[PDB]
There are 6 protein chains.
Amino acid sequence: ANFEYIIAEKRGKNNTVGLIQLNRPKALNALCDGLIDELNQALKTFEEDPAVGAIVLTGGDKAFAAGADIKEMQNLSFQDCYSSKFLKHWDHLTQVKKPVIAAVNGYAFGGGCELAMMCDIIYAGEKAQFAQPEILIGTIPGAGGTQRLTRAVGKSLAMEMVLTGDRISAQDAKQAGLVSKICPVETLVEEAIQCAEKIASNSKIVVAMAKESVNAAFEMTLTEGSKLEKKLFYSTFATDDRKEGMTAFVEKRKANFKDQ
Amino acid sequence: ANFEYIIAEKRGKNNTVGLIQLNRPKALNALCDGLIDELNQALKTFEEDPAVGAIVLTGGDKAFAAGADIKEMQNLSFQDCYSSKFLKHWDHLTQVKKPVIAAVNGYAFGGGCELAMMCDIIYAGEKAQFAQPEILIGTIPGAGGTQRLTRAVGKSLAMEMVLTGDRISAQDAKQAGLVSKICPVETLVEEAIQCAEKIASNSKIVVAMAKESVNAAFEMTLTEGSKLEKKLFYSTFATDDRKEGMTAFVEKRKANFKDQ
Amino acid sequence: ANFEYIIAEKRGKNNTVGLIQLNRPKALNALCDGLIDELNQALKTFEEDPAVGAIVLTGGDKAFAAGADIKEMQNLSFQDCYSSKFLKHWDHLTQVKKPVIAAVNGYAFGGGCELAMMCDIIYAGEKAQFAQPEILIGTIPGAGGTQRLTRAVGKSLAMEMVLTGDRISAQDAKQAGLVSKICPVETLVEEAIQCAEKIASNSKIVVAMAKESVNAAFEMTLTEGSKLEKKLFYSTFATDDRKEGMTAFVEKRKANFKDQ
Amino acid sequence: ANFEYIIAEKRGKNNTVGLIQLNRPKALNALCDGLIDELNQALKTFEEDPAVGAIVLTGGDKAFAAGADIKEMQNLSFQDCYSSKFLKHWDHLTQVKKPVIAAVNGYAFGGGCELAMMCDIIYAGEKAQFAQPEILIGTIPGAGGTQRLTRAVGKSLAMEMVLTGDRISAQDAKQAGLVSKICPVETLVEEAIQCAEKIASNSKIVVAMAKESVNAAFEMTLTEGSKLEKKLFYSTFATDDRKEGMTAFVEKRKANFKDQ
Amino acid sequence: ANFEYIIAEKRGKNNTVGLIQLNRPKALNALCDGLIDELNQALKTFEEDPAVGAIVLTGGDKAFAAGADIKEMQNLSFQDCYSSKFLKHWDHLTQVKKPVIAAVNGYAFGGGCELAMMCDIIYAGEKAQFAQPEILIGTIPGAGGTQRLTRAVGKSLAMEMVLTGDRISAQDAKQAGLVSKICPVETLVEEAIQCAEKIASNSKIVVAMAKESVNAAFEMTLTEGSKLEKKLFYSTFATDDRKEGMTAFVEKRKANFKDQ
Amino acid sequence: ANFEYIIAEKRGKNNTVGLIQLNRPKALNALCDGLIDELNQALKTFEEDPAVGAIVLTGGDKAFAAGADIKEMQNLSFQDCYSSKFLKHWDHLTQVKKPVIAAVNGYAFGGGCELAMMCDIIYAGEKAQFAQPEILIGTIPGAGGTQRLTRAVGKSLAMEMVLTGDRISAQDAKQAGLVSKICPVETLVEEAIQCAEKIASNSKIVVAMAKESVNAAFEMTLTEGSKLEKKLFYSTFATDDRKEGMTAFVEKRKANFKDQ
Ligand SMILES: C/C=C/C(=O)SCCNC(=O)CCNC(=O)[C@H](O)C(C)(C)COP(=O)(O)OP(=O)(O)OC[C@H]1O[C@@H](n2cnc3c(N)ncnc32)[C@H](O)[C@@H]1OP(=O)(O)O
Ligand SMILES: C/C=C/C(=O)SCCNC(=O)CCNC(=O)[C@H](O)C(C)(C)COP(=O)(O)OP(=O)(O)OC[C@H]1O[C@@H](n2cnc3c(N)ncnc32)[C@H](O)[C@@H]1OP(=O)(O)O
Ligand SMILES: C/C=C/C(=O)SCCNC(=O)CCNC(=O)[C@H](O)C(C)(C)COP(=O)(O)OP(=O)(O)OC[C@H]1O[C@@H](n2cnc3c(N)ncnc32)[C@H](O)[C@@H]1OP(=O)(O)O
Ligand SMILES: C/C=C/C(=O)SCCNC(=O)CCNC(=O)[C@H](O)C(C)(C)COP(=O)(O)OP(=O)(O)OC[C@H]1O[C@@H](n2cnc3c(N)ncnc32)[C@H](O)[C@@H]1OP(=O)(O)O
Ligand SMILES: C/C=C/C(=O)SCCNC(=O)CCNC(=O)[C@H](O)C(C)(C)COP(=O)(O)OP(=O)(O)OC[C@H]1O[C@@H](n2cnc3c(N)ncnc32)[C@H](O)[C@@H]1OP(=O)(O)O
Ligand SMILES: C/C=C/C(=O)SCCNC(=O)CCNC(=O)[C@H](O)C(C)(C)COP(=O)(O)OP(=O)(O)OC[C@H]1O[C@@H](n2cnc3c(N)ncnc32)[C@H](O)[C@@H]1OP(=O)(O)O
Ligand SMILES: [Mg+2]
Ligand SMILES: [Mg+2]
């Protein structure tokens with residue numbers, strides 16, 4: 001379309017996967033205001049399309065995202081940030097009911113690591129790096145860089161990456177638990193599209209319920225989490241795809257889900 | 001005894017280890033109602049026996065448990081699931097004060113992985129695979145498959161395993177935090193019995209207090225957890241086994257605990 | 001000062017690192033009342049000094065800390081725990097706003113792993129062993145050996161280490177998420193001092209805000225944690241170090257923070 | 001039936017209300033093991049009856065319950081109270097999905113106030129008294145006397161009632177929030193039965209979902225509580241009673257629910 | 001814009017109060033989709049206006065709001081609600097940073113009480129009635145009717161109002177804690193406008209901070225609530241209104257706040 | 001002792017009550033640093049005395065406490081508020097294991113209401129007024145004026161008191177849940193001393209455990225709180241005061257507690 005910083009397109013088989021690529025080779029894909037607004041518009045378009053079942057958010061081959069534009073947040077004060085709700089349009093990815101895959105190739109510093117951790121699945125290349133360099137410019141992460149990273153890779157590693165700003169490899173992120181699969185830099189997007197197609201081959205309402213159940217593991221207790229999980233498991237016996245799946249399991253055949 | 005789906009026997013030295021083996025190779029150890037009732041009866045028997053200190057739950061050599069029997073809940077609706085307390089007898093592993101060790105050899109999909117995660121120690125074999133294939137039949141896990149899995153392996157890996165139904169190897173569950181030790185297939189049961197003997201060689205009340213203190217790490221905050229742990233530690237100076245152990249450590253000898 | 005159980009000195013470049021060494025080779029650095037009081041005094045002195053930006057806590061080359069002194073708690077009862085509260089001065093390390101690095105060489109059993117887990121960054125040697133052998137003396141951990149360890153390495157591994165008393169290696173602790181970097185025994189102190197220098201090379205108020213934001217990940221929920229992180233990010237635009245760092249990032253130059 | 005401590009009968013219009021009366025005029029309805037077992041059996045019978053929609057738990061005209069029986073717990077030690085779970089049969093009232101009305105007439109001290117607070121609706125008479133006299137015998141409440149009372153009447157009033165053992169009137173309990181309606185002594189049971197009839201006149205599944213939604217306000221946060229409430233509101237559009245009620249609201253007629 | 005269901009106008013002296021009046025006497029102010037969209041637009045306009053400091057939400061003299069439009073959600077199924085995010089535009093009131101005052105005169109049943117409880121201050125009239133009639137139509141409250149009500153009036157009164165549908169008076173809501181002041185029907189609007197003027201007579205950033213500090217008392221713990229409150233109290237010494245007010249208090253004069 | 005801002009003395013029968021009076025008629029008992037240090041020293045002295053069972057904090061007949069001293073915090077900035085941990089000594093009252101009774105006569109504005117709410121039992125006079133007038137000077141409460149007040153009197157009343165600064169009466173605080181008893185101005189001290197005597201007439205360790213169990217109702221969930229209460233009840237069987245009280249109840253005599 002008329003997007004300036006992102007490239008929106010429908011990739012994959014049968015046009016069931018949405019690919020949002022960050023195209024900004026002049027600032028290492030800086031998360032400016034216009035880029036975030038275009039990303040939110042693309043996410044809304046992909047969430048208002050019954051043909052799309054999964055979204056893949058990727059960047060470039062040398063850098064996924066360099067964070068927020070430091071050259072846009074420099075001449076700001078406390079009143080100009082608190083009475084303008086700075087970085088309020090960055091919590092729109094966590095309100096998406098469709099799965100979002102984060103293909104990370106290259107530098108993922110500052111806002112890039114947060115944007116990747118706000119996704120369901122994090123796929124990184126063989127030459128990917130994750131770090132929190134906010135401490136080097138006199139600030140701290142403010143979009144989920146000290147909450148999800150601490151519960152994902154551990155307290156010690158998160159403390160180190162936040163207080164030192166050191167870069168970790170994809171192997172360290174796989175060992176700790178930040179990423180789920182290491183892929184080559186030239187085939188990461190293809191494997192991400194294949195994973196999004198696997199995901200989009202299932203019932204959309206059941207996928208949304210499963211995503212909510214998994215996300216409810218960081219907001220409540222174990223007992224209440226299991227109770228909400230059992231309630232959502234009870235509330236799925238009233239759909240049409242559950243019975244179809246159980247019938248295709250009993251009788252040896254393929255399951256055709258009707259998204260209902 | 002008269003068990004139709006399980007094999008209950010007292011194993012280990014001095015008959016201090018309870019072994020519950022699921023024996024039904026005709027459905028890959030389907031978690032039906034009768035099997036769950038027999039498992040609960042065996043757990044109650046092993047909890048009302050002052051000679052058993054630890055329980056070892058195991059399955060077969062090709063499949064630990066293939067989940068709930070889908071050939072029974074196929075003709076169930078929302079009314080037959082909500083006001084019938086479906087799967088209500090599956091929360092008996094979290095109410096047992098004695099440690100339960102899970103020996104996974106083969107396929108542990110859905111209900112098997114849930115029952116494994118509801119145990120304290122998870123021991124898997126080299127030829128073992130863990131997955132949650134609920135998204136392929138039109139439902140979601142409802143017995144702890146989206147809460148205990150996310151807090152162990154990570155958000156990304158849990159999201160992938162839930163939304164794709166893919167199978168992970170024992171090495172992946174070991175490097176992620178789901179399995180604590182990788183063992184051969186032909187020696188997993190013996191090493192699990194040895195671990196249960198090393199557990200049942202200490203004070204039963206102190207072991208139960210330690211189990212409660214460890215399980216309280218997912219039900220509240222860090223400060224409240226530390227305070228409850230300190231209170232449970234203060235509540236140990238009123239028993240005889242703590243004093244016996246301290247005297248044996250000071251005098252450099254062996255401690256004979258009397259479970260009191 | 002005139003400390004008999006610890007050695008306090010200002011190490012590092014420009015005397016910006018506080019090295020607290022535990023010198024008790026006769027009891028494997030037993031955590032007695034006097035040693036803990038001296039540790040708290042050293043921590044308060046290093047906290048009330050404007051020239052210290054990070055603290056490095058270490059022990060010996062064969063044992064970091066063998067836990068609490070059993071010779072001072074063997075003849076205690078239940079009434080001697082609520083009244084004249086025991087282990088009440090061990091919660092002075094989690095109240096320090098400056099980063100505390102832990103260098104573990106040798107045995108870290110009981111109270112040693114508990115004091116190491118209360119630190120932000122944990123550095124272990126190639127021949128370091130972490131364990132919670134409280135179940136072998138009739139007691140349970142009482143200073144965070146069942147809350148932070150469970151959330152760090154996982155439920156299964158923590159259950160095993162607590163109910164069996166077995167020792168793990170530095171490689172397993174790094175793979176599970178207990179330590180952040182494995183260093184040689186003869187060069188662990190130098191790398192810890194270098195990490196403390198790299199940490200103290202930034203603004204102290206921003207480092208304290210980052211430490212609090214990371215520590216608030218085990219005391220609140222994800223939604224409330226994100227809002228608290230956004231608040232702490234908004235509350236840094238009123239300082240001079242943030243603007244100095246942003247200017248040094250835009251006008252590419254060395255950043256000189258005034259710790260204000 | 002054959003109950004020697006309680007009187008179980010089916011009261012109300014069309015035999016839709018269960019009335020459990022504590023009959024022990026010699027011990028002021030002491031909460032012994034036999035009485036609690038009979039109460040649990042009566043609750044199970046009323047929960048396995050499709051004709052009963054609400055339960056009314058009442059006592060006598062001078063005392064509802066005097067608390068735990070002292071003549072059976074005096075010769076008990078720590079190893080006889082922490083083991084075997086003495087207070088494990090008293091939490092069978094919060095696991096009931098049918099509404100339980102607690103008609104409190106007379107003395108409600110110790111375990112009686114807890115048994116009343118473990119119900120949905122608390123009805124008190126004119127000469128009603130609530131107190132926590134456990135502090136006068138050297139113990140503390142252990143069945144919800146310091147958790148629900150603190151969140152119901154306030155911190156200060158609960159602190160006073162726990163640390164002093166003073167008795168409060170029914171008017172003070174109504175002004176604070178302990179009870180919701182003050183009824184005469186001679187007509188308390190009749191008004192409780194009428195309230196139970198008005199409750200049972202609605203769909204049982206909808207009433208159970210509403211009870212779960214209300215009870216989820218003391219175990220979760222407001223943000224996640226609202227999400228669980230919306231999910232349970234979504235999960236009611238698949239039943240017949242919701243459509244029947246909406247049709248009887250649109251067209252001027254009465255709603256006849258089929259409990260499905 | 002020109003509204004047909006609500007009346008948006010600037011009231012009070014100096015045009016500092018925004019009054020939203022629900023004008024639908026033909027359906028007792030039914031909370032339909034268009035009415036909620038107009039209410040959200042009016043709230044956004046009043047929140048993006050640098051002259052409005054508080055909002056007063058009111059209805060009519062006989063009914064504030066009769067709840068959600070039942071004549072539009074009757075022909076809805078489980079799929080048409082969970083995959084359409086029904087009632088997703090009703091959480092736009094708890095995201096407003098400016099204080100919202102609710103003036104209830106008449107019937108506030110179902111969605112009316114839910115909309116009133118999402119406001120900071122709740123002002124009711126003499127002939128005002130609050131109830132939850134959702135149980136009489138086959139559904140449950142789904143917009144905060146079982147979470148914000150239970151934590152205000154008590155568990156027993158909330159259970160009664162939810163499972164019986166009974167109507168309470170303004171005196172009961174004042175004695176329980178649902179409303180803050182009882183005012184006449186012909187002067188409730190004027191006193192609400194005066195309260196909004198007294199609220200908007202202070203600094204807007206400090207008012208927003210206090211509102212967030214009070215709202216954080218239901219989403220967090222007391223210990224972390226105190227820490228967040230102390231942080232928000234520290235983060236106010238960098239504004240121009242705090243020092244102005246302190247200087248005016250020291251010099252015994254009036255403080256002229258500039259919202260900065 | 002030689003206190004210039006407070007008056008410390010032992011009152012009550014047998015010198016079992018510690019009366020701490022705030023004597024500063026020139027500033028309406030301003031909470032300055034010296035006054036807070038003296039209050040903390042007096043609290044520590046009264047908590048380390050085996051002849052003191054309860055503490056009674058009070059002020060004057062015209063004003064209990066006017067809050068923090070504005071004359072020493074006017075020229076403070078964000079750097080002098082985040083650093084040095086300003087107001088860190090105001091959290092020494094919530095760490096006392098002995099009950100603290102608050103006698104409020106006159107004005108209790110700002111810090112006075114916070115110090116009163118940090119106590120267990122709140123006793124106000126007939127001429128007492130509670131308010132949070134921080135919004136009138138440009139700041140917000142920072143010592144529990146927005147966390148305990150919201151849970152005590154409700155959301156609406158707390159919002160009004162914080163955003164308007166209006167003063168409430170003792171009757172409103174009692175009907176809302178802030179205070180527990182209304183007493184005359186000249187006899188409030190005698191009734192508080194009698195309440196402290198009735199509290200100190202029991203076992204100190206059991207009273208401390210009850211206070212902790214009541215305070216754990218604002219930091220944990222309902223299930224976890226009930227479980228911690230049950231654990232404390234089981235631990236109470238390790239002292240002699242419980243057995244003495246039960247024996248005195250069985251043999252119908254007065255119980256003599258020895259705090260062990
Ligand atoms: C809640 C959110 C919090 C935050 O995210 S705060 C910001 C956090 N991010 C950072 O602190 C670091 C951002 N980037 C860098 O430090 C470095 O770059 C790299 C480490 C990524 C390495 O890149 P290198 O090889 O050194 O080249 P280069 O010249 O510095 O970058 C090329 C162009 O990219 C612009 N750029 C890089 N990062 C940002 C950014 N965060 N905001 C705005 N622009 C950025 C640069 O300035 C420059 O542009 P020009 O040629 O015009 O000078
Ligand atoms: C809260 C609870 C949630 C849940 O657990 S929902 C259910 C989730 N679990 C699953 O979806 C796994 C279902 N099982 C399978 O997908 C496959 O099977 C396996 C991958 C485990 C193995 O496949 P293969 O090696 O090809 O063997 P095979 O012939 O399909 O199974 C052999 C026999 O075992 C029956 N069986 C397997 N799983 C179940 C099951 N979950 N419920 C009932 N029966 C099952 C089969 O049907 C068949 O039996 P027959 O010969 O009579 O056709
Ligand atoms: C809140 C939680 C509190 C707790 O931590 S409870 C206690 C938990 N900690 C433990 O259980 C560890 C106890 N220590 C040991 O088990 C062993 O030691 C080692 C595993 C560390 C192996 O050390 P080895 O090579 O076998 O030599 P050695 O002779 O036992 O130790 C040398 C000296 O060190 C003293 N010592 C060791 N640990 C402690 C301790 N925890 N408290 C007091 N002293 C200790 C010993 O007794 C002995 O001293 P001497 O030669 O005078 O007899
Ligand atoms: C997890 C929960 C733990 C708990 O709840 S512990 C319970 C807390 N402690 C109490 O409730 C005891 C306090 N009760 C009393 O002091 C008095 O009772 C009353 C306040 C109820 C007033 O009744 P009055 O008639 O004045 O005294 P009376 O003569 O002792 O009562 C008549 C009969 O009732 C028996 N009884 C009273 N309370 C209990 C009880 N809590 N447990 C067992 N029996 C009780 C008595 O013993 C006696 O019977 P007999 O004289 O023939 O022996
Ligand atoms: C998350 C959301 C949850 C919910 O809110 S679900 C819905 C829950 N709310 C209710 O159930 C309230 C419904 N009960 C009533 O509406 C009763 O009535 C009253 C208690 C308010 C008594 O009012 P009365 O004096 O009997 O008059 P009248 O029957 O209401 O006629 C007035 C006109 O107002 C329409 N109306 C009233 N409430 C609603 C509504 N909630 N939705 C749609 N229309 C409503 C009526 O139908 C009728 O209209 P016409 O004259 O055209 O028949
Ligand atoms: C985390 C905590 C945050 C906070 O607590 S902020 C402080 C509480 N916030 C407030 O805004 C409270 C202040 N408002 C007042 O203090 C009013 O006064 C009163 C309503 C309490 C009393 O009014 P009146 O009867 O007219 O007496 P008066 O002449 O103003 O006070 C007599 C002397 O007392 C000094 N004083 C009163 N409050 C404070 C205070 N909070 N800090 C310091 N001094 C105070 C005054 O200034 C004056 O003294 P002089 O005669 O020497 O001028
Ligand atoms: Mg891990
Ligand atoms: Mg109240």
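Just so it is clear: chains get the letters A, B, ... in the order the sequence lines come, proteins before strands, and each one is counted from 1. All heavy atoms count here, side chains included; hydrogens, waters and symmetry mates do not.
Per-residue heavy-atom pair counts under 4.5 Å with chain C were compared for A:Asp166, A:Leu163, A:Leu87, A:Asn215, and the maximum is reached by A:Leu163. Each of C:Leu228, C:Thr221, C:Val207, C:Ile205 has some count of heavy-atom pairs under 4.5 Å with chain A, and the biggest count is that of C:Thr221. Counting heavy-atom pairs under 4.5 Å between each of C:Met209, C:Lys181, C:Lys174, C:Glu224 and chain A puts C:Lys174 at the top. Of the listed residues (C:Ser203, C:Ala216, C:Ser201, C:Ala238), the greatest number of heavy-atom pairs within a distance under 4.5 Å of chain A belongs to C:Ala216. When each of A:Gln79, A:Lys71, A:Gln132, A:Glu134 is checked for heavy-atom pairs under 4.5 Å with chain C, A:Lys71 comes out on top. Chain C forms the most heavy-atom pairs under 4.5 Å with one residue out of A:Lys88, A:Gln74, A:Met220, A:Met161, and that residue is A:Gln74.
At most 12 heavy atoms of other shown residues, nucleotides or ligands fall within 6.0 angstrom of atom NZ in C:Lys127. Crowding of A:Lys62 atom NZ: a count of heavy atoms from other residues, nucleotides or ligands under 6.0 Å not exceeding 12. Counting non-hydrogen atoms of neighbouring residues, nucleotides and ligands closer than 6.0 angstrom, the CD atom of C:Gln171 exceeds 12 such neighbours. For C:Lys44, the NZ atom sits in a loose shell: 12 or fewer heavy atoms of surrounding residues, nucleotides or ligands are nearer than 6.0 Å. The environment of C:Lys243 atom NZ is sparse: at most 12 non-hydrogen atoms of other residues, nucleotides or ligands sit within 6.0 angstrom. The environment of NZ in C:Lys198 is crowded: more than 12 heavy-atom neighbours from other residues, nucleotides or ligands sit within 6.0 Å.
Here the OH-NZ distance, from A:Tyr82 to C:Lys231, works out to 5.0 Å after rounding to the nearest 0.5 Å. Rounding to the nearest 0.5 angstrom, the gap separating the CD1 atom in A:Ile140 from the OG atom in C:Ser213 is 5.5 Å.
Contact record, C:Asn202 with A:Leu136: OD1-CD2, 4.1 Å, taken as the closest heavy-atom pair. Scanning all heavy atoms of the two residues, the minimum distance from A:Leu76 to C:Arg242 falls at O-NH2, 2.9 Å. Contact detail for A:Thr164 and C:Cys195: the closest heavy-atom pair is CG2-SG, 4.0 Å.
Residues of residues 148-160 of chain C that come closer than 4.5 Å to chain A, counting heavy atoms only, are C:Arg148, ordered by residue number. Chain C is approached within less than 4.5 Å, heavy atom to heavy atom, by A:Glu114 from residues 92-122 of chain A, ordered by number. For a heavy-atom cut-off of 4.5 Å, chain A lies close to C:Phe257 in residues 251-260 of chain C.
Within the 4.5 angstrom heavy-atom criterion, atoms from both the backbone and the side chain of C:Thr247 approach chain A. For C:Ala248, no part lies under 4.5 angstrom from a heavy atom of chain A. For C:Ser235, the parts lying near chain A are the backbone and the side chain together; criterion is any non-hydrogen pair under 4.5 Å. Contacts of A:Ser77 with chain C are made by backbone atoms alone, with heavy-atom separations under 4.5 Å and no side-chain atom involved. Proximity to chain A (any heavy atom under 4.5 Å) is restricted, for C:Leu178, to the backbone atoms N, CA, C and O. For C:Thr236, the part lying under 4.5 angstrom from a heavy atom of chain A is the side chain only. At a 4.5 Å heavy-atom cutoff, C:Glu244 makes no contact with chain A through either its backbone or its side chain.
In this structure, C:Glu229 contributes its side chain and A:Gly145 its backbone to a donor-acceptor pair below 3.5 Å. A distance-only check finds a donor-acceptor pair linking the side chain of A:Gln147 to the backbone of C:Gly225 [under 3.5 Å].
Here ring pair (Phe, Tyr, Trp, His ring centres under 6.0 Å) pairs that include residues 190-240 of chain C, with residues two or more places apart or in two chains, are C:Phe233-C:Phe237.
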